[PDB]
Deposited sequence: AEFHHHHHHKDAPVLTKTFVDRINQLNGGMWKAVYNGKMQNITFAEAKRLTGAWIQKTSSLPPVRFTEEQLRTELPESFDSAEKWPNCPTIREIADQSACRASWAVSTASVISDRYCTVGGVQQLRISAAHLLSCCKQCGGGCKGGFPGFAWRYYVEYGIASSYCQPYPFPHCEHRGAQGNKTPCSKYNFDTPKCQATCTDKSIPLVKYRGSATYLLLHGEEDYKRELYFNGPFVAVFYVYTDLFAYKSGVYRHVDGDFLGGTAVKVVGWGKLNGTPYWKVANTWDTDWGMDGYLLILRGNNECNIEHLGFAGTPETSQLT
């Protein structure tokens, strides 16, 4: 039932040539297949119909840096650096989107510290998915524009750290009933469809965005370095927040915030190979704009 064994981890480090380091004695040492499936479930609708991004001429003419990090461009935006823990609810579709929306209130929306509620999104957007069963990030972005989402102050995340439970009921009131519920809406949502240069230009001007990529079992052993899939079973798709790009010992990467708490990866982060649509990470990004 184990996803990881010592033999599997040895084979992984043989096939990856040392580009990244796989470990057996980490956070996922004993995770099973049924538990690993709790961490995917981000779904994509091949049609969509969301509009593509539109850059201005001044933005297109802007020369982009060799490395970039969102937290370095917006050092007064604390939510950019906060790593979430989705727990054992198939919720990355909501947690990543809510995390990006919170960052953009600071980078684009003129609000320095507004944390948006992933619990509200996953429990009250019934058209987005099946709550803790899974969901579409694209539908979550539409819901933000159409209906709006409560803040974490009003509806904090209810699931705890592990080593889980049902979709919470949708509530029109805050968990603390003395606190009134305020909904926050977007004005627009749009897609990044042309890969690496779209990603870089959107990050540079507007900050983090959501991308989905393919999850294989060798990812659960990732400790450090620049990840790329070399072996193991396909498990599905997961949604992550992209925050930057750079190079590590010659190898280009995207810097990505996972939702598996800070005891996985590089303090919660994943560095994934950049340049050749690794594990489909460059195929499609989601972003949007807060009302002002």
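Colleague: How would you list, in order, the spans of the deposited sequence that the model does not cover?
Modeller: According to the record, the gaps fall at 1-11, 175-188, 318-321.
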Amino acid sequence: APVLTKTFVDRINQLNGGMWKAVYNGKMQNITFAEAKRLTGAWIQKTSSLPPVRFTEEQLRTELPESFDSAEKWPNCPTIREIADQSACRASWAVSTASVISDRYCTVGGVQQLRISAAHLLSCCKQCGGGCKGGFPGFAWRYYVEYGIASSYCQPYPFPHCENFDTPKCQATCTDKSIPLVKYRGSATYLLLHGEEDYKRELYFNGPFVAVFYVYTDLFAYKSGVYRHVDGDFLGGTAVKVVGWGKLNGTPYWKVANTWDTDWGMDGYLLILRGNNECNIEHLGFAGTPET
From here on, numbers count along this sequence of modelled residues.
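Colleague: Between 167-175 and 87-95, which has the higher average C-alpha B-factor in the PDB entry?
Modeller: It is 167-175.
Colleague: For the higher mean C-alpha B factor in the entry, choose 22-30 or 251-259.
Modeller: Looking at the recorded C-alpha B-factors, 22-30 comes out higher on average.
Colleague: Taking the Cα B-factors listed in the entry, which of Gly265, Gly236, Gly225, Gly244 comes out highest?
Modeller: Answer for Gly265, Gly236, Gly225, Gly244: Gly236, with the highest C-alpha B-factor.
Colleague: In terms of CA temperature factor as recorded, identify the highest of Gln127, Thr107, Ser102, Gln155.
Modeller: Highest C-alpha B-factor among the listed options: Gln127.
Colleague: Taking the chain's C-alpha temperature factors as the reference, tell me which third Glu146 falls into: lowest, middle or highest.
Modeller: Its C-alpha B-factor, which the entry lists for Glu146, ranks in the middle third among residues of this chain.
Colleague: Going by the entry, which third of its chain does the Cα temperature factor of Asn280 land in?
Modeller: Answer is lowest: the recorded C-alpha B-factor places it there.
Colleague: What third of its chain's C-alpha B-factors does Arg201 belong to: lowest, middle or highest?
Modeller: Within its chain, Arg201 is a middle-third residue by C-alpha B-factor, going by the deposited values.
Colleague: Comparing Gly134 with the other modelled residues of its chain, is its CA B-factor in the lowest, middle or highest third?
Modeller: Its C-alpha B-factor belongs to the lowest third of this chain's values.
Colleague: Place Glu58 in the lowest, middle or highest third of its chain's C-alpha B-factors, as listed in the PDB entry.
Modeller: As the PDB entry reports it, the C-alpha B-factor of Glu58 lands in the highest third of its chain.
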